[PDB]
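Below: one structure, written as structure tokens.
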Amino acid sequence: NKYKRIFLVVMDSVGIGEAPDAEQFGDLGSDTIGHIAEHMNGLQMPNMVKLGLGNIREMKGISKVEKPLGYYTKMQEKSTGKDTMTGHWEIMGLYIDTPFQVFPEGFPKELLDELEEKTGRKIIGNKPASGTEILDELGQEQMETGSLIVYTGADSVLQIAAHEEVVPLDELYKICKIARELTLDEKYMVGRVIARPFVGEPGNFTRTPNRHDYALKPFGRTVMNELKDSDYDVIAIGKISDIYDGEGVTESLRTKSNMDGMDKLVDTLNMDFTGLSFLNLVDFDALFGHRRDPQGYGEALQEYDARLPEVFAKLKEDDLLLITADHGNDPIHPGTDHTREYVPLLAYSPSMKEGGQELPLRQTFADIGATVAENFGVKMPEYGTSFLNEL
Ligand SMILES: O=P(O)(O)OC[C@H]1O[C@H](O)[C@H](O)[C@@H]1O
Ligand SMILES: [Mn+2]
Ligand SMILES: [Mn+2]
Ligand SMILES: [Mn+2]
Ligand SMILES: [Mn+2]
């Protein structure tokens, strides 16, 4: 192997400006990092700058450097959708024609009618809502009637809440499996069906640790599958295992925040493995992008940047660090949906003694998967062109 270990970091939703097809998605004008930099009156990300972030694109407080630490470019998304699953599945070598759907006005009558028909249960709610707020609103009715609270949010999710002492947990799980099957349908394709059991009483409801998430498997066998099948390590950190429904994962590390995600990355740097360590930093998307909160987003990016020097200190000569994103989620943009943007790519190894240079623009996210696959001598993905030899 050229590299013994590859550390891949997805800064979730950290877009670097509207993609060529942004108009199709209602994303003209989008610019995640650039708009945040303007709001912050200059972002402070000196470590990303040292890697060559500004060499990709200059933004307020983010300037180019004469000798970037590693190689740099951006990537263009080829798949139809701008959701997390699409972005990640493409990154690991796939092409996804069918986009996952979001439901700002709730789910179509047709879908909920069939779910009622298959379960013998009534559905209430059917709207975007905070999980805790909707419990306050409808939890009592749910308890008295045995109906199901169905709701959604800014992401591609169908969530089903029911009181544990009214609807048995195993019945809630069965219902969610039925919903998961019904939503394998392009008309209502949801990324995730989530069981949301709760306990307590009106004015005092608590959601239990018995949450279960029902994901779809990637529409193809990924570079992660190939690594695992060839006996390499594939360490998933944060949402990564869930995003791929565990496909090709050899160890999974749960995280609670971006800072915790950087701690787990450091943990993997301390491990003797051969293969891939794959981190998703999800706070950017979950707390700041969808909430259209550029101040929180800017602070999170600065908190993340401050962690990088320890990562640089731990990387070995035969380690490669890859930093990218899976789409945009511009916190100064209409609505609450993701944005169709280019994503940054930074590629750094301490063995790059003269620093890096500009890579040709990546025409699909799958170029990352192809690079990983070629490095480890496993079956090349169908899509994507490796940049391994450029490094
Ligand atoms: O807490 P809730 O409002 O029920 O659900 C919000 C999100 O919490 C989970 O990460 C899922 O991604 C949901 O979209
Ligand atoms: Mn838009
Ligand atoms: Mn994402
Ligand atoms: Mn999202
Ligand atoms: Mn603040």
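For ligands, and for the atoms within them, numbers begin at 1 and follow the listed sequence. We number each residue from 1, following the sequence as shown. Side chains are part of it too, since the values below use all heavy atoms of this structure and drop only hydrogens, waters and symmetry mates.
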Note: NE2(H290)-the Mn ion (ligand 4)-NE2(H338) angle, rounded to 10 degrees, equals 100°

min-distance N/O/S atom, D27 vs the Mn ion (ligand 2), resolves to OD1

message = Let's go through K60 and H39 carefully: what are the C-alpha distance in whole Å and the side-chain angles of both, what is the deciding distance for side chain to side chain contact (heavy atoms under 4.5 Å, CB included) to 0.1 Å, and is it a yes or a no?
response = CA-CA 9 Å; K60 201 167 188 162; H39 175 82; over 6 Å; no

Fill in: Under 3.5 Å side-chain donor-acceptor pair for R5 and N375
no

Handout entry: Ion pair check, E116 and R121, cut-off under 4.0 Å
Key = no

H333 NE2 to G26 O via the Mn ion (ligand 2), rounded to 10°, gives 90°

Sub-3.5 Å donor-acceptor pair from the side chain of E18 to the main-chain atoms of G29, do we have one?
yes

Practice problem: Could you tell me whether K228 and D233 have a side-chain N and a carboxylate O separated by less than 4.0 Å? | Solution: no

The Mn ion (ligand 4) -> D155, closest N, O or S atom is OD1

min-distance N/O/S atom, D285 vs the Mn ion (ligand 4), resolves to OD2

